[PDB]
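Enquirer: The structure that follows is given in the form of structure tokens.
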Amino acid sequence: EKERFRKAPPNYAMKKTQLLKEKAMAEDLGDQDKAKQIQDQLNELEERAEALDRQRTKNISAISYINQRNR
Amino acid sequence: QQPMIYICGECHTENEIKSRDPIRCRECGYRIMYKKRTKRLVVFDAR
Amino acid sequence: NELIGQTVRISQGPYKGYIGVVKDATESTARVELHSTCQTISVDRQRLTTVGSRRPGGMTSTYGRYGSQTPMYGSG
Amino acid sequence: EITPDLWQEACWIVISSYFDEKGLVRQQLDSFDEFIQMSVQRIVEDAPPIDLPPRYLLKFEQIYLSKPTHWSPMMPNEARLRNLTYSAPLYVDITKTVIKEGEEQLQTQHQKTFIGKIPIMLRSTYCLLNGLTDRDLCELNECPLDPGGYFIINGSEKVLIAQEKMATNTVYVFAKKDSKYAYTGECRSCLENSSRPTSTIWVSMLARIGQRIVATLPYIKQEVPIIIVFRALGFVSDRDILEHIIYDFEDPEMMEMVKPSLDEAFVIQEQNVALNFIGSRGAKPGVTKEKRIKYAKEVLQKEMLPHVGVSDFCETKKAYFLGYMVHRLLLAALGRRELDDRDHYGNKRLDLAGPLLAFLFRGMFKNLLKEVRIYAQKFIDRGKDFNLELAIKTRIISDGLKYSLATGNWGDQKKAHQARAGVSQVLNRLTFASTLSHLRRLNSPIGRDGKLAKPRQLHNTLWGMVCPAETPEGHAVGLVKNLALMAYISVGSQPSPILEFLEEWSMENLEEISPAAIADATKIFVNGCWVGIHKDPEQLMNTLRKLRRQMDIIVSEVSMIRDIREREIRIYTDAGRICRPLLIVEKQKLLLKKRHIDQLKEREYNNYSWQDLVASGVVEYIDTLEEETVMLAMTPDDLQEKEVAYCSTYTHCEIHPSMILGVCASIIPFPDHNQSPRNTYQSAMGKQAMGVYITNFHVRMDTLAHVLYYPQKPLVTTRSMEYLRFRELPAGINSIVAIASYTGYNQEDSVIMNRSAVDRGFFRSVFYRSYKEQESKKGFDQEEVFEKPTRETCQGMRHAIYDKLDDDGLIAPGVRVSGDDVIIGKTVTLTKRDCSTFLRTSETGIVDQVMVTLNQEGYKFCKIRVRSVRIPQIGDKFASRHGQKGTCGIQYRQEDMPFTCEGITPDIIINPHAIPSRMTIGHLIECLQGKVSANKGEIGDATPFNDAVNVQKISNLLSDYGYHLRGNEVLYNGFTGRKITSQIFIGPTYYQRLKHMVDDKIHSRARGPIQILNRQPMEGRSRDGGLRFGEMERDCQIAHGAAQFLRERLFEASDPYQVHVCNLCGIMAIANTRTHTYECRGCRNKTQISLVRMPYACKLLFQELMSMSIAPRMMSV
Amino acid sequence: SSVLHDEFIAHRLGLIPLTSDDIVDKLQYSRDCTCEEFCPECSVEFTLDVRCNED
Amino acid sequence: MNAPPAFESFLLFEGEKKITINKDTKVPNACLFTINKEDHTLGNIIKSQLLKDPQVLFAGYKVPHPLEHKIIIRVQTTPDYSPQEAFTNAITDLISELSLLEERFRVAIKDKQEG
Amino acid sequence: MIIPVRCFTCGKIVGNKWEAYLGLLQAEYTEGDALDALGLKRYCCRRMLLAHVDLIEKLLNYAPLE
RNA sequence: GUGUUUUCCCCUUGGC
Ligand SMILES: [Zn+2]
Ligand SMILES: [Zn+2]
Ligand SMILES: [Zn+2]
């Protein structure tokens, strides 16, 4: 009942949600479920990468730029 | 009246786990959870 | 003995302000397990003062402390 | 264009691209991936259909494997924390066809029947972590730097150590002195992944008419003479024989040498009496002659030389192969060919996690087939149609692998003591260089306590394969070994494409040969099967090489060896051949030209890769047996330039010579400036240096972990420790070392540390100890539960303070705990006995985190880990990268340490006497270049063989910063401020802090716990034991004549005890001292009793004698 | 709940220098001050209260 | 774990004396001053100030064990001069030295400013 | 792990220079000119910043919550 | 006023 009205994939374990979506896509021989899974997975990937950069947004960005320019 | 609060390993949600109870997060159902820090006096010297 | 197993602060002498738990105590000296160092000192029991670690209230269910702005039905 | 020197940059753009393509544990991952992708299916595929009153046929197909799942996908960190086995279910398609009377068969296919869980190696092609990004791995609480390559068994990281062995299918001629045999042509044979183990053959020659050649066929007790064996293969004539053994009769010498073996056999001509001969030597000889023939016929068909073939191949192809075994024996006897060295690494193979597991799966499978066979028998044969889905005892695979990967007993639990041991060791998480080196570790099965030096010696053939420096200095010295950085263990590939290709190119197949052709013709040996001969081996070698350089028909791992002197081309494709890449040399130019370097510099941006260097015929995997035949330059600018030529015929060039070093040895700077045992000692201690061992250490509940507060990147590094990822997970601190005698507390291999530096956090570390305890239904009335004991009800209850832990029965994070404090309160009902767990005696730390969960049984399970900040103290063992090691001998505050003109006091003062006997001049050069690096403001290079670096060049740089060019400085005595008359060598050197802290070692006893059997002190610190006053101490006190102190040590301070003995006999009497009444039963005397002060172990010995019916009658007379 | 354990935090706080250019000559050593806890005549109290409620 | 607490280098224990003169017997007019909870900081300046005294035949200081916080200062003077007063004057004048140095430093500070 | 607060050898506060160090490197100061510009003269202070590996940035990749 | 207890074998690793 709790998971009914409360979404999970935005949880910190987004990698696990992506693994579950990949498993659901692979388990299905129907192209409609595969395309819905692909869309959901791409959306969750974009959301998680955005959040990762946002937390990476400051100081993490700075040390990434320094390592990449240093090499 | 202390219900023994635990912290879900995945959700980081607090969970009340009294005796004779299965360990599951009531949010995720995840089976690993960690005790919260003590309430006693933690004092260090900074030595 | 009456002051064994309690969290105590050393209030006097060189260890002033160290916090530890009395692992043992005679009438003359406690042994205090120091919180910071990996060491148990023997300390003259008059140097110690009990701090304790407790929580008041004990009633988690309905301490509403009024409330959190109850929304009306005819306001929407 | 060619690389015009300036080649160091290019040389490390290669290598860098290699370690991009093939991270350090590739040899584990590939082995496992190949096992799961081929070998597992191969084993189930090649197991025969099972059949039996009607009889079914039962057959298996298309084995399937899912992702690892808990029943939902288990993450490896979950399996680690919950003590699960990280594993995936293995499913197979089973077709059952029962057929019976009336011709009524139903082939009902049981799809995807669950055979069992197979444990998955982490970061494999079948781990959940495969190809998974660093973001996701961190989200999984995994470490993106963690290599993988280990299993999780019940929560323990278990590595499969690669086990060295003699190469199969390859003939070897040895002389075994102290035997009747002058020479012995051994062979160890396997056709392919057989459930039958390797079958070993010997064709020995008796040394003593003299010179008789025997054969030690398997399953034969005696030793049939070889000519009987060839006649058993059906060759009547003495010229059809010998045509297999002497390829030109024009040699009189082998002819007249083999003659006396024919004179041993000329009584036998027909094949049938030959088989009667062999059958009569069978280990289970049949009564009737015909059964003896059939037994011997099978042995030759199936047990001798199986790799060459079975059934139809028996009477020719492996007659030729046995002929070759004899021929090479004769060569070894004439001395025309040297004996094979058993320790030449081309003669060895390494059983990685693939073959190691394939062996078990052939052992646990087939067992399952036996199980389903017995089941369907019991049922079907009673006309009871079985279900196979109940027949499949999935426990057989799942627990067989789980067990063997846990214990490491590589065999059935029924027979583990007969098996190999320690094949599967708990991954060394102590420090990242230890994890990386444990994963790259090889192990000779040769017996330790085997006194032989030759298997422990560093053989010439380990060059570039195995670290010359990283070996345990203990009893395993030279037996346990380590892969070199670029060493790759070949995973194995099918020879069939190569055999099809060799059927082209005018090759002549062995069964179509006219044997006269063999005389002047090179013999071809695919995986040690002799498969044909060729008239022109200068074309084959160039074509097979070209094809390797084109990656098409022959995969890179294949090694073609051309023995010139003996006309033999041997091609190996099988698995376990250690190899390493080499730059190819052609004419005298390298093929690696500026094009490749430029393309590879922009790699990822152009998605070029090392695989393009391989697939451009630019670099080549050479393996130790092909390394026999390369001519190997060591750098281009050194060795191929037009000096007065050394050879000018180099085929290959070393990529960089430091790649002979392994993981822990290639963290040594300037190892070419150290005495070699000291590089070995560093390779040892480098596996103990505290660091950060993995970045997810906050999630690990490892039993022991040491984490350094402020681990630093070395101020001087090898380039190799880039790829070791040492600058990300470093283990040590660059400290301003001074090599001065100073106050003498650093004298014999000791160091003076700066107390004020320690106060600032110098080498301060934290020690995490994790205690794990779970629940259980012990019985009907007995049950454990996490609960604060209370003196009211809990009957058993220690003297401890149980109130430190809260009513959950679990100590909470952040609570100070000391030895014999209660950590997990636990009661077991009888009312309740106390069964709790206490912090190890004198541990004294803080609870770091407490986790609670359910184990496989679904019982509450908790792991508590307690941290312990370890401020360096006197007796803590420090070491440096150069095998200098020493306990902190004293700590002087900054005011007391000597100081330069500026107030730079050393951090560590080490005694000069550490250096001159040990010649760790790499240590001095590290200190000098570290002082340059710290002033220059960038990290010096200490890659060993880099002639761009030398001491004079460093001194020149150091003099530019206003320091003495040799690193010496005027120091001032901290106590008096006077200048020290000798200027002191002082500078930054990378020190390590080792796990050997003194508080983990200090131990004392004064009447502690006692053993139950012999009432002597328990053994060991953890037990609060007493030190052993051993034999040698007994001798040392006899020499002292210290009989009173010998009596006290060996009695009054160990097992003081008393017996009453009868005066008339010397059997111990019965003595109710409680009523002061005494008797000896057997004499019925009550006055004739005397007390004897008597060591308890002596009393116990005499009672162990009486229980053998020996009366040690002790007499006072 | 930082990634550093408490002794590490405490240690780092120890090493932070404080501008005691004058007050050090006023304050007693705590070992010598006659009061049961810390007091402003033998100590300076510090508070740190930080939570990372942002990305 | 069986570590001395760091205050043991300078805090006297209850009953420890700071300084404890002991007449030496081997030669006339020689004493051994045993300072507790002192080190080369206080012992070396006293030693070197005693060597400026012409009436001091011998002066030296040792730290018997660095793990122990105790120095011994042995002073021998001429028979017209007890080492008690040698040690006293070696401290009186050394205090006069440090106090003069302090005053001269304090003035030199405010004289570097605008000078 | 994190930058040491004080240079172990001498005592100079280096715990307020790491982010400055990296920012100067991002201005593409050469690696010793960053140290010369922060004010680290003694090689004992310079090896605090040169040698420091800032692992806390990796430890912060792991989530407690969110 | 009630108070010191309490496992083993086997393997592996490591220390001088
Ligand atoms: Zn008797
Ligand atoms: Zn006060
Ligand atoms: Zn410094």
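Residues are referred to by chain and number: the chain letter is A, B, ... according to the order shown in the structure tokens, the number counts from 1 in that chain, and ligands are numbered separately from 1 in the order shown.
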Can you work out which residues from chain G touch chain D at a cut-off of 10 Å (counting only C-alpha atoms) and hand them back as a ChimeraX atom specification?
Expert: /G:1-11,30-36,40-56,58-64,66
Enquirer: Pick out the residues sitting within 12 Å of residue 47 (chain A), and hand them over as an NGL selection string; count only C-alpha atoms (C1' of nucleotides), and ignore anything fewer than 5 positions along from it in its own chain.
Expert: :A and (9-12 or 14-15 or 18 or 40-42 or 52-54)
Enquirer: Using only C-alpha atoms (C1' of nucleotides) and all ligand atoms, find each protein or nucleic acid residue lying at most 10 Å from ligand 2; present the set as a compact mmCIF listing (two decimals) with N, CA, C and O atoms, in the first residue's frame.
Expert:
# COMPACT_ATOMS: atom_id res chain seq x y z
N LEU E 27 43.51 33.30 31.16
CA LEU E 27 42.86 32.07 31.59
C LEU E 27 43.79 31.22 32.45
O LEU E 27 45.00 31.18 32.25
N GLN E 28 43.19 30.55 33.43
CA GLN E 28 43.86 29.50 34.15
C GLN E 28 43.99 28.25 33.29
O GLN E 28 43.23 28.04 32.35
N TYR E 29 44.95 27.41 33.63
CA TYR E 29 44.87 26.02 33.22
C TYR E 29 43.67 25.37 33.88
O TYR E 29 43.43 25.55 35.07
N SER E 30 42.91 24.61 33.10
CA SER E 30 41.69 24.02 33.64
C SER E 30 42.02 23.12 34.81
O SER E 30 41.30 23.09 35.82
N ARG E 31 43.11 22.37 34.70
CA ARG E 31 43.58 21.55 35.81
C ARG E 31 43.72 22.36 37.09
O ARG E 31 43.64 21.79 38.19
N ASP E 32 43.92 23.67 36.99
CA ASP E 32 44.09 24.51 38.16
C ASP E 32 42.85 25.31 38.53
O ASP E 32 42.80 25.86 39.64
N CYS E 33 41.86 25.40 37.66
CA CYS E 33 40.70 26.23 37.97
C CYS E 33 39.81 25.47 38.95
O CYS E 33 39.62 24.26 38.83
N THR E 34 39.27 26.20 39.93
CA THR E 34 38.36 25.61 40.91
C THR E 34 36.91 25.81 40.49
O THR E 34 36.20 26.69 40.97
N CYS E 35 36.47 24.97 39.56
CA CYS E 35 35.07 24.89 39.19
C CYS E 35 34.82 23.49 38.63
O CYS E 35 35.70 22.90 38.00
N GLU E 36 33.60 22.99 38.84
CA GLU E 36 33.32 21.58 38.56
C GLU E 36 33.28 21.26 37.07
O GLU E 36 33.61 20.14 36.68
N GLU E 37 32.90 22.21 36.24
CA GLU E 37 32.89 22.04 34.79
C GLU E 37 33.81 23.09 34.18
O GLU E 37 34.65 23.66 34.86
N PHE E 38 33.72 23.27 32.87
CA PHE E 38 34.40 24.40 32.26
C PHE E 38 33.65 25.69 32.59
O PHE E 38 32.43 25.71 32.71
N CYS E 39 34.41 26.77 32.73
CA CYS E 39 33.84 28.09 32.98
C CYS E 39 34.59 29.09 32.13
O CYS E 39 35.72 28.82 31.69
N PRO E 40 34.01 30.26 31.88
CA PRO E 40 34.66 31.22 30.97
C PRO E 40 35.96 31.77 31.52
O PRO E 40 36.65 32.49 30.80
N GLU E 41 36.30 31.45 32.76
CA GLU E 41 37.57 31.86 33.33
C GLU E 41 38.66 30.82 33.16
O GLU E 41 39.81 31.09 33.50
N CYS E 42 38.33 29.64 32.62
CA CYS E 42 39.34 28.62 32.36
C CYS E 42 39.15 27.96 31.00
O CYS E 42 39.83 26.96 30.73
N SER E 43 38.26 28.46 30.16
CA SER E 43 37.98 27.82 28.88
C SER E 43 37.27 28.82 27.98
O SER E 43 36.80 29.86 28.43
N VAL E 44 37.19 28.47 26.71
CA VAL E 44 36.29 29.11 25.76
C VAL E 44 35.45 28.01 25.14
O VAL E 44 35.99 27.07 24.55
Enquirer: Return as number ranges by chain the residues belonging to chain G that are within 8 Å of chain A, counting only C-alpha atoms.
Expert: G: 22-23, 25-26, 57, 63, 65-66
Enquirer: The selected residues should be written to file as an mmCIF file, in the first residue's frame (atoms: N, CA, C and O atoms).
Expert:
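Below is the file selection35.cif, written as the result:
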data_model
loop_
_atom_site.group_PDB
_atom_site.id
_atom_site.type_symbol
_atom_site.label_atom_id
_atom_site.label_comp_id
_atom_site.auth_asym_id
_atom_site.auth_seq_id
_atom_site.Cartn_x
_atom_site.Cartn_y
_atom_site.Cartn_z
ATOM 1 N N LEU G 22 44.057 23.613 -5.297
ATOM 2 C CA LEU G 22 43.385 23.102 -6.489
ATOM 3 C C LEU G 22 42.853 24.222 -7.372
ATOM 4 O O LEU G 22 42.903 24.123 -8.599
ATOM 5 N N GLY G 23 42.367 25.307 -6.781
ATOM 6 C CA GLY G 23 41.927 26.422 -7.600
ATOM 7 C C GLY G 23 43.063 27.076 -8.360
ATOM 8 O O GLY G 23 42.893 27.506 -9.503
ATOM 9 N N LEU G 25 45.865 25.443 -9.278
ATOM 10 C CA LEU G 25 46.114 24.484 -10.345
ATOM 11 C C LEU G 25 45.107 24.635 -11.474
ATOM 12 O O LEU G 25 45.439 24.396 -12.639
ATOM 13 N N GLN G 26 43.875 25.023 -11.154
ATOM 14 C CA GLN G 26 42.868 25.240 -12.185
ATOM 15 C C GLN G 26 43.092 26.549 -12.923
ATOM 16 O O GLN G 26 42.691 26.676 -14.083
ATOM 17 N N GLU G 57 36.576 13.062 -1.121
ATOM 18 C CA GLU G 57 35.720 13.270 -2.281
ATOM 19 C C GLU G 57 35.174 11.969 -2.840
ATOM 20 O O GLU G 57 34.078 11.956 -3.407
ATOM 21 N N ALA G 63 26.101 7.216 -0.628
ATOM 22 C CA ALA G 63 24.950 7.865 -0.015
ATOM 23 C C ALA G 63 24.667 7.263 1.354
ATOM 24 O O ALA G 63 24.555 6.039 1.468
ATOM 25 N N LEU G 65 21.752 8.917 2.966
ATOM 26 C CA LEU G 65 20.445 9.124 2.362
ATOM 27 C C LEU G 65 20.610 10.065 1.178
ATOM 28 O O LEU G 65 21.482 10.940 1.183
ATOM 29 N N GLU G 66 19.756 9.890 0.173
ATOM 30 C CA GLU G 66 19.814 10.682 -1.056
ATOM 31 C C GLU G 66 21.250 10.959 -1.496
ATOM 32 O O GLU G 66 22.008 10.035 -1.789
#
Enquirer: Taking the DSSP assignment computed from this structure's backbone, write out as a PyMOL selection string all residues of chain C that belong to strand (DSSP E).
Expert: chain C and resi 7-10+19-25+29-34+40-44+48-50
Enquirer: Could you give me, as JSON lines, a per-residue list for chain F showing, wherever an atom lies at most 10 Å from an atom of chain D, the closest pair of atoms and their distance in Å to one decimal, using only C-alpha atoms and sorting by chain then residue number from low to high?
Expert:
{"residue": "F:1", "atom": "CA", "partner": "D:999", "partner_atom": "CA", "distance": 7.0}
{"residue": "F:2", "atom": "CA", "partner": "D:999", "partner_atom": "CA", "distance": 8.8}
{"residue": "F:3", "atom": "CA", "partner": "D:873", "partner_atom": "CA", "distance": 8.3}
{"residue": "F:39", "atom": "CA", "partner": "D:975", "partner_atom": "CA", "distance": 8.8}
{"residue": "F:40", "atom": "CA", "partner": "D:975", "partner_atom": "CA", "distance": 5.7}
{"residue": "F:41", "atom": "CA", "partner": "D:975", "partner_atom": "CA", "distance": 7.5}
{"residue": "F:43", "atom": "CA", "partner": "D:975", "partner_atom": "CA", "distance": 9.8}
{"residue": "F:44", "atom": "CA", "partner": "D:976", "partner_atom": "CA", "distance": 6.8}
{"residue": "F:45", "atom": "CA", "partner": "D:976", "partner_atom": "CA", "distance": 8.9}
{"residue": "F:48", "atom": "CA", "partner": "D:976", "partner_atom": "CA", "distance": 9.9}
{"residue": "F:66", "atom": "CA", "partner": "D:890", "partner_atom": "CA", "distance": 8.7}
{"residue": "F:67", "atom": "CA", "partner": "D:890", "partner_atom": "CA", "distance": 8.3}
Enquirer: Enter the distance from CA of residue 688 (chain D) to CA of residue 720 (chain D), in Å, rounded to one decimal.
Expert: 19.6 Å
Enquirer: Write out as JSON, numbers by chain every residue belonging to chain E that has an atom at most 10 Å from any atom of chain D, counting only C-alpha atoms.
Expert: {"E": [3, 4, 5, 6, 7, 8, 11, 12, 14, 15]}
Enquirer: Taking the DSSP secondary structure from the backbone, can you list the residues of chain A that are alpha helix (DSSP H), as number ranges by chain?
Expert: A: 2-5, 14-27, 31-55, 60-70
Enquirer: What residues in chain C have any atom no more than 9 Å from chain E when counting only C-alpha atoms, and can you write them as an NGL selection string?
Expert: :C and (9-17 or 36 or 49)
Enquirer: Would you output that residue set with N, CA, C and O atoms, as a PDB file, in the first residue's frame?
Expert:
ATOM      1  N   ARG C   9      32.093  12.286  35.159  1.00  0.00           N
ATOM      2  CA  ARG C   9      33.037  13.302  34.723  1.00  0.00           C
ATOM      3  C   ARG C   9      34.069  13.518  35.816  1.00  0.00           C
ATOM      4  O   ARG C   9      33.714  13.648  36.990  1.00  0.00           O
ATOM      5  N   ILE C  10      35.339  13.563  35.431  1.00  0.00           N
ATOM      6  CA  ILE C  10      36.408  13.911  36.359  1.00  0.00           C
ATOM      7  C   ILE C  10      36.425  15.424  36.522  1.00  0.00           C
ATOM      8  O   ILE C  10      36.724  16.158  35.579  1.00  0.00           O
ATOM      9  N   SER C  11      36.120  15.891  37.728  1.00  0.00           N
ATOM     10  CA  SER C  11      35.894  17.303  37.994  1.00  0.00           C
ATOM     11  C   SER C  11      37.109  17.989  38.593  1.00  0.00           C
ATOM     12  O   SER C  11      37.072  19.202  38.815  1.00  0.00           O
ATOM     13  N   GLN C  12      38.178  17.249  38.870  1.00  0.00           N
ATOM     14  CA  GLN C  12      39.314  17.803  39.587  1.00  0.00           C
ATOM     15  C   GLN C  12      40.579  17.092  39.140  1.00  0.00           C
ATOM     16  O   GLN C  12      40.540  15.995  38.582  1.00  0.00           O
ATOM     17  N   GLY C  13      41.706  17.740  39.400  1.00  0.00           N
ATOM     18  CA  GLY C  13      43.001  17.181  39.112  1.00  0.00           C
ATOM     19  C   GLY C  13      43.337  17.174  37.636  1.00  0.00           C
ATOM     20  O   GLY C  13      42.672  17.814  36.818  1.00  0.00           O
ATOM     21  N   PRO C  14      44.373  16.422  37.266  1.00  0.00           N
ATOM     22  CA  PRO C  14      44.862  16.484  35.882  1.00  0.00           C
ATOM     23  C   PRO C  14      43.843  16.095  34.829  1.00  0.00           C
ATOM     24  O   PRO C  14      43.880  16.651  33.726  1.00  0.00           O
ATOM     25  N   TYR C  15      42.936  15.165  35.117  1.00  0.00           N
ATOM     26  CA  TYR C  15      41.973  14.701  34.125  1.00  0.00           C
ATOM     27  C   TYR C  15      40.682  15.502  34.143  1.00  0.00           C
ATOM     28  O   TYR C  15      39.628  14.983  33.757  1.00  0.00           O
ATOM     29  N   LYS C  16      40.735  16.758  34.567  1.00  0.00           N
ATOM     30  CA  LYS C  16      39.527  17.560  34.662  1.00  0.00           C
ATOM     31  C   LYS C  16      38.813  17.619  33.321  1.00  0.00           C
ATOM     32  O   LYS C  16      39.412  17.947  32.296  1.00  0.00           O
ATOM     33  N   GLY C  17      37.527  17.281  33.333  1.00  0.00           N
ATOM     34  CA  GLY C  17      36.712  17.263  32.142  1.00  0.00           C
ATOM     35  C   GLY C  17      36.677  15.962  31.368  1.00  0.00           C
ATOM     36  O   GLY C  17      35.810  15.809  30.501  1.00  0.00           O
ATOM     37  N   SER C  36      37.791   8.920  25.825  1.00  0.00           N
ATOM     38  CA  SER C  36      38.669   9.334  24.738  1.00  0.00           C
ATOM     39  C   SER C  36      39.849   8.389  24.548  1.00  0.00           C
ATOM     40  O   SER C  36      40.016   7.792  23.481  1.00  0.00           O
ATOM     41  N   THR C  49      32.089  13.257  39.407  1.00  0.00           N
ATOM     42  CA  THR C  49      30.710  13.702  39.531  1.00  0.00           C
ATOM     43  C   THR C  49      29.865  12.979  38.494  1.00  0.00           C
ATOM     44  O   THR C  49      30.239  12.916  37.321  1.00  0.00           O
TER      45      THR C  49
END
Enquirer: Distance CA of residue 532 (chain D)-CA of residue 556 (chain D), one decimal place?
Expert: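 For CA of residue 532 (chain D) relative to CA of residue 556 (chain D), the distance reads 22.7 Å.
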Enquirer: Compute the set of protein, DNA and RNA residues whose minimum atom distance to ligand 1 is at most 10 Å, using only C-alpha atoms (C1' of nucleotides) and all ligand atoms, and state it as number ranges by chain.
Expert: D: 1061-1070, 1079-1086, 1088-1089, 1113
